[PDB]
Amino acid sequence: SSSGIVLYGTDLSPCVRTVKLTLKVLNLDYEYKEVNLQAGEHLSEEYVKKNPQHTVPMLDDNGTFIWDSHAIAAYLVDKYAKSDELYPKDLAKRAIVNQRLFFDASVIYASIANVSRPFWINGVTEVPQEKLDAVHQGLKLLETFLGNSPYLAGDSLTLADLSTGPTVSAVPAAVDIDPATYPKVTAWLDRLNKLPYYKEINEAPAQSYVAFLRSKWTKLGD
């Protein structure tokens, strides 16, 4: 690419896919640098100098290095979008989208990372019931947030959906999202998948991740 934008990532990370989705909706070219987490490429001296959290995604926008999928997506829309539909400039509307992003970070992501991180770090394959309960609590809140609106922040697709949709696509690694229990979540996930660019970026990597972790568990709750 000649945009000067570089994304450091791996496709099985939902946080990375948030950024790919954002770059796609903004029609931005970029260079994608695959970071091999299994080889510890995120822990190298040169990587950690740019991102001391040693996470993906990281964005290099023409010499400006930023990380955290939420912060990256908000930056990209404000800098590069031609309209504000994904991330409204109106302060009250922006506060709704921000709230949903902080909910993804603090509740949805946190609940599923609580399950997966012990696996990646310490090979833990036994998942306490308490952790599955916390995932369900987050799904119930999402179900209520969706209400009668098609998207997470209202009638239009926003960064709220591009952030939370991928995270929720990882949840089935640990919990079944039963449509009869979570019909609004289910309908929303299906609605996102009706957007070709979304399904193309999200669906196969999400399936790969879920199948992988489901093959690992030796005990899933009580």
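Residue indices: 1-based, along the sequence shown.
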* Asked: Looking at the entry, does 193-201 or 158-166 show the higher mean C-alpha B-factor?
  -> 193-201
* To do: Report the stretch with the higher mean CA temperature factor, choosing between 169-177 and 40-48 on the basis of the entry.
  => 40-48
* Quick one: which of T186, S69, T55, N27 shows the highest Cα temperature factor in the PDB entry? => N27
* Among the modelled residues of its chain, does the C-alpha B-factor of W120 lie in the lowest, middle or highest third? -> highest
* Structure fact -> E85: CA B-factor among chain residues, third -> middle
* Asked: What third of its chain, lowest, middle or highest, does the C-alpha temperature factor of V127 fall into?
  -> highest
* Comparing against every modelled residue in the chain, figure out the third that the C-alpha B-factor of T144 lands in (lowest, middle or highest). => middle
